[PDB]
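Respectively, the protein sequence lines represent chains C and A.
Converting from the first sequence to the entry's author numbering requires adding 15 to each position, the first position being numbered 1.
Converting from the second sequence to the entry's author numbering requires adding 12 to each position, the first position being numbered 1.
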Amino acid sequence: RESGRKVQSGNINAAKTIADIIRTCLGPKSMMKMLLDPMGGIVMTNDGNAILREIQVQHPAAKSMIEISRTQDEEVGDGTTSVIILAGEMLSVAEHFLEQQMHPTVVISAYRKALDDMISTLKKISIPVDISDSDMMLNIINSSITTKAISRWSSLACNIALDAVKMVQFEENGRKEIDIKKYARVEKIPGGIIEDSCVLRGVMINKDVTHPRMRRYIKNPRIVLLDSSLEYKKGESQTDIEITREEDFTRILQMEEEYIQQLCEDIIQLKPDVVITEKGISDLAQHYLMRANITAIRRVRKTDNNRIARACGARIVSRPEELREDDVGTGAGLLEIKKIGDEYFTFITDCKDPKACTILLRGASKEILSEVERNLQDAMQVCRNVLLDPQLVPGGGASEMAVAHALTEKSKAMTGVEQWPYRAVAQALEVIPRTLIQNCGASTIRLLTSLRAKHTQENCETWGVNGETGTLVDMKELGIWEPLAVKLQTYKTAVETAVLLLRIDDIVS
Amino acid sequence: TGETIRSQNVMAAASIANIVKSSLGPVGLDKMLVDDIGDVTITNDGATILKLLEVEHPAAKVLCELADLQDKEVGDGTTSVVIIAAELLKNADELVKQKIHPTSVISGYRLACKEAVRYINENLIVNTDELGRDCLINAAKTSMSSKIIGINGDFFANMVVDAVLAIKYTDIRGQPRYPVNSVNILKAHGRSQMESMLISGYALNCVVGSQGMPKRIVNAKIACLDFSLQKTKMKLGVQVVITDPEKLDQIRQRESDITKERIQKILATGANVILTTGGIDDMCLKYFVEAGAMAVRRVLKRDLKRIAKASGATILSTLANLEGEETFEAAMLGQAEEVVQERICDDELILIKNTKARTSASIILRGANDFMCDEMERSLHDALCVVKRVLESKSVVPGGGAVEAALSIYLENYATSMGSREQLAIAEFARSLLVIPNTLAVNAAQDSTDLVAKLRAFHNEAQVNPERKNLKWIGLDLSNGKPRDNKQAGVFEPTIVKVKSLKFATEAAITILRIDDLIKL
């Protein structure tokens with residue numbers, strides 16, 4: 016039970032401090048807040064998503080801030096800090112005034128037009144990419160890794176991100192939307208080195224299949240994904256009574272044989288060696304296949320088989336009758352039990368569809384690998400974000416100072432009370448520049464007013480202050496870049512986010 | 013107690029109404045609903061939420077049921093009736109405090125509750141159609157955004173408007189009415205955003221037959237299948253003899269073959285075209301198209317159930333014929349006037365033409381992207397739902413808030429006729445109306461004091477009509493809240509909702525009043 020202006024305050028109130036301390040933590044140049052547990056447990060992070068947690072949370076809109084944050088933590092995970100900045104910016108500025116000017120409403124609307132102007136300006140301020148040139152992509156990843164200051168192994172993982180994620184990218188609604196991630200498969204591996212890893216075709220099966228009787232290598236036998244229903248039928252097509260006695264053992268187990276084979280001969284109809292048996296797994300099912308000298312890999316996940324559905328690019332087959340390569344094991348394909356470290360790894364490569372690879376990771380060991388993987392995970396996603404979005408923007412204040420002018424130019428032209436949000440919208444761009452001016456550790460009011468001028472003539476197209484260069488700069492020469500969507504994705508959120516709590520005057524239990 | 017509880021009663025009436033009159037309608041503001049103390053949910057329209065919200069006052073107890081009572085009935089008045097539930101209380105709160113006995117005028121507010129229904133008689137429009145509720149375009153257009161629907165915001169509307177009002181459509185298994193059952197319909201985003209079309213009968217959402225299926229079978233006798241044909245393993249099929257290693261494999265294969273003839277029997281028996289919500293294996297589908305049978309599979313359950321209720325009577329959604337349709341016993345005969353499989357939206361949908369026994373229509377909305385499918389989604393909904401109360405209620409209340417001022421003065425006219433106390437029972441009643449213009453002005457960031465007063469200036473004597481709004485009342489806005497016209501902006505109701513919410517709010521105020529003693533054993 017909470018009300019109105021006090022909500023509206025608690026909106027501005029909480030969302031203020033919500034938007035805040037992690038901006039000290041923001042920037043490649045940053046300030047890590049300390050976090051103390053009531054027991055005395057200490058934490059040092061630049062991660063708001065992490066910072067969101069140990070702090071005791073009460074304000075349910077702060078919980079809701081954690082929501083769009085986690086919601087964004089789901090999407091990128093980076094900028095979850097940066098998304099809640101601007102809503103904090105947004106909710107702070109227009110709300111109290113314009114609610115004391117009596118409305119969420121004109122505030123609500125104008126962020127539609129706060130959104131589009133930049134969305135427009137985004138397509139203007141962001142420039143297309145070569146996803147064709149991975150180096151044109153690499154610098155982004157070279158840029159993506161280094162705000163949290165990780166380079167060492169990532170410098171390679173940068174490239175390896177480029178490689179698979181363009182391949183792990185095959186997806187179409189017919190408008191060809193590519194979100195596809197789960198295709199990309201990663202491998203914890205002991206030994207090798209962080210500077211040695213790769214992407215192997217199909218989907219390499221690492222996690223739950225070490226299984227040594229897969230044989231080892233499949234030259235061109237098929238791998239078989241069973242939504243069969245390979246389960247032995249104790250009768251003709253059915254499962255007869257159990258075996259409590261000698262008579263039920265002879266007759267029933269015999270008919271259990273046929274249904275395995277007749278399907279496994281349908282499996283043989285696509286000629287495998289490896290059959291990874293998921294539905295209809297039977298102790299006779301593998302044994303027959305093992306009697307068939309068909310290695311039947313059981314006690315297995317359909318997630319593996321979904322990895323294997325993306326390992327051969329295939330589907331999994333409920334059809335008992337007439338099992339096919341294109342049914343399961345699409346394409347010639349491979350299957351190989353590989354030891355990277357000594358861990359057995361099934362590698363099912365050569366998906367029937369091209370753009371087939373999945374990321375092998377070697378560190379000097381699992382951990383220093385996990386160093387790669389975690390950062391590669393960021394590296395690899397920026398790809399499918401650049402692969403998502405083949406436009407990208409000179410960052411910092413360039414990203415920031417661009418639209419406010421058009422926005423103010425709107426507010427000036429729009430000259431409503433919607434102009435007031437476009438004023439409230441204008442400088443909210445510049446807070447991370449303030450943080451960037453924090454990042455350099457300089458005088459913001461100057462650099463703002465300075466960068467304000469930098470948009471008066473240059474129009475801050477490439478010109479922000481970059482706290483890490485310290486100065487108002489071209490962000491193209493300087494090379495500050497993100498795929499446009501990510502900018503918007505950070506930008507889209509806070510609008511709706513602010514607009515979200517812009518709706519709430521009422522908490523009620 | 014006494015007033016203090018009846019106030020606390022009146023207060024709780026005001027107290028909870030605080031939540032909704034901000035949350036009210038699609039001018040309302042979304043509000044955070046904590047489920048326990050920890051689990052928070054957000055909408056406007058308290059009608060949803062107060063049900064989910066724990067109601068901590070006997071008033072709050074006596075109310076959410078009544079709004080739900082209204083809400084069980086109809087979504088209209090739900091978040092409302094709690095309004096004037098609160099209104100007349102605070103109104104009558106001081107009246108009882110004045111000289112009034114809670115019994116005195118409370119009958120009058122019922123007698124006053126009747127004047128409105130006495131006025132509901134003289135104020136309704138039995139023509140629910142040509143102007144439309146939220147007009148025609150305004151109906152769907154409002155529940156449209158402007159994206160790829162916007163240019164057709166007027167255009168798509170009168171389509172979907174005139175669609176569910178009356179078009180050729182099978183009602184539930186073809187009920188002889190206006191499309192009570194909505195209308196089967198498609199938003200298929202692609203080609204032009206302007207090529208969205210009503211189509212004859214039903215363009216399937218289906219897996220077309222891929223075996224070389226005939227892409228037209230005229231006048232389709234249909235089997236609509238909610239049943240998958242698939243296959244099962246028969247350890248021994250037809251024949252026995254092994255004259256060949258071929259013949260070794262023929263036995264267990266012959267189970268698949270008996271479908272061919274049975275399909276060819278089904279070609280002769282129950283359907284021209286097989287429609288299967290389930291999968292028809294190309295194996296199965298082979299048995300059809302070689303006989304020359306269009307066999308369509310994995311059809312949309314919505315479509316198919318609407319195609320089932322299109323076809324009429326016998327259908328294979330009833331009995332499961334197995335082994336890829338065991339030969340029909342002809343409880344399976346569906347009806348399609350013709351069936352052409354026509355590429356539409358850059359894709360072939362089999363287009364069911366009406367029904368052989370019935371009319372049917374899918375509309376295919378053609379956008380670019382799902383953002384039509386996302387918007388004409390709810391654009392349909394409103395218009396559909398609008399049309400549906402348009403469908404059921406021919407009598408429908410013209411005007412949203414212009415009735416308020418009429419209904420105010422209408423009784424405020426009859427107010428003085430009583431004399432004495434219940435002259436007041438006709439007043440605060442007619443006073444408690446204008447919160448509807450208030451809350452709509454409020455939630456639109458408007459001020460009804462300008463709007464609702466502007467309302468009461470509109471009259472010759474009294475009526476709410478799109479005759480002359482300069483001299484009379486009609487309609488209303490949300491974004492504004494001033495009288496507008498019926499084909500224009502100015503709002504509507506169907507006929508029924510009031511008397512419920514009327515009597516509801518009429519009863520809402522009275523009963524918690526009656527009790528002055530909360531106290532305990």
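Where a beta carbon is used, it is the ideal one built from N, C-alpha and C, also for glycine.
The CB of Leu41(A) comes closer than 7 Å to the CB of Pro119, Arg518, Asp520 in chain C, given here in chain order. In the structure shown, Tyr359(C) falls within a strand segment according to DSSP collapsed to helix, strand and coil. Inclusion of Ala500(C) and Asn400(C) in the CB contact set at 8 Å is warranted, their separation being smaller than that value. Rounded to whole angstroms, the Cβ separation of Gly63(C) and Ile99(C) is 7 Å, and the two are in contact under 8 Å. Interface with chain C (8 Å Cβ-Cβ cutoff): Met384(A) is excluded.
The beta carbons of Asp242(C) and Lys294(C) sit about 5 Å from each other, so the pair counts as a contact at 8 Å. Here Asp132(C) carries a helix assignment [DSSP, helix/strand/coil]. Sixteen is the threshold: since fewer than 16 other Cβ atoms of the shown chains lie within 10 Å of the Cβ of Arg228(C), the residue is exposed. Boundaries of the alpha helix (DSSP H) harbouring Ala128(A): 116-134, taken from the DSSP string.
Per DSSP, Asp281(C) lies in no beta strand (DSSP E); the unbroken alpha helix (DSSP H) holding it starts and ends at 261-284. Nearest neighbour of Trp478(C) by Cα position, chosen from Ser524(C), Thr464(C), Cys455(C), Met416(C), turns out to be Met416(C).
Here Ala109(C) has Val122, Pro436, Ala439 as same chain residues with Cβ atoms under 6 Å from its own Cβ, once five neighbours each way along the sequence are excluded. Here the segment 343-354 of chain A does not lie against the segment 169-186 of chain A, with fewer than 3 beta-carbon pairs under 8 Å apart. The residue among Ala457(C), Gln269(C), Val446(C) with its C-alpha nearest the C-alpha of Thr484(C) is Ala457(C). If you draw a straight line from the Cα of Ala98(A) to the Cα of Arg526(A), it is about 15 Å long. If you draw a straight line from the Cα of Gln82(A) to the Cα of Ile296(C), it comes to about 55 Å.
Contact check between the segment 219-235 of chain A and the segment 277-295 of chain A: three or more CB pairs, one atom from each, fall below 8 Å, which counts as touching. Judged by DSSP in its simplified three-state form, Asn481(C) adopts strand. Boundaries of the alpha helix (DSSP H) around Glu104(C): 95-105. Secondary-structure assignment with DSSP links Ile142(C) through a beta bridge to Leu407(C).
Taking a beta-carbon distance threshold of 8 Å, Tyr126(C) does not count as an interface residue toward chain A. Each residue's CA atom was taken as its position, placing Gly14(A) and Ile522(A) some 14 Å apart.
Fewer than three beta-carbon pairs drawn from the segment 432-439 of chain A and the segment 449-462 of chain A are found closer than 8 Å, and the two stretches are therefore not classed as touching.
In the structure shown, the three-state DSSP call for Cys398(C) is helix. Spatial neighbours of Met246(A) in its own chain (CB-CB distance under 7 Å, excluding positions within 5 residues in sequence) are listed in chain order as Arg264, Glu267. In the structure shown, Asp462(A) falls within a helical segment according to DSSP collapsed to helix, strand and coil.
In the displayed model, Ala235(A) falls within a strand according to three-state DSSP. As a beta-bridge residue in DSSP terms, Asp521(C) pairs with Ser18(C). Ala394(C) places its beta carbon less than 8 Å from that of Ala172(C). Where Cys213(C) is concerned, there is no enclosing alpha helix (DSSP H), although the beta strand (DSSP E) around it starts and stops at 213-215.
Identification of chain A residues near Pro369(C) by a Cβ-Cβ cut-off of 7 Å yields none; the smallest Cβ-Cβ distance measures about 24 Å. Linking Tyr303(C) to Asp183(A) through their CA atoms gives a straight-line distance of about 55 Å. Taking 8 Å as the cut-off, the beta carbon of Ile175(C) is found no closer than this to the beta carbon of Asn390(C). The beta carbon of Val488(C) sits no closer than 8 Å to any beta carbon of chain A.
Using a Cβ-Cβ cut-off of 8 Å, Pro75(C) counts as an interface residue toward chain A, since at least one Cβ of chain A sits closer than that to its own. Judged by their CB atoms, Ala303(A) and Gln347(A) are not nearer to each other than the 8 Å cut-off.
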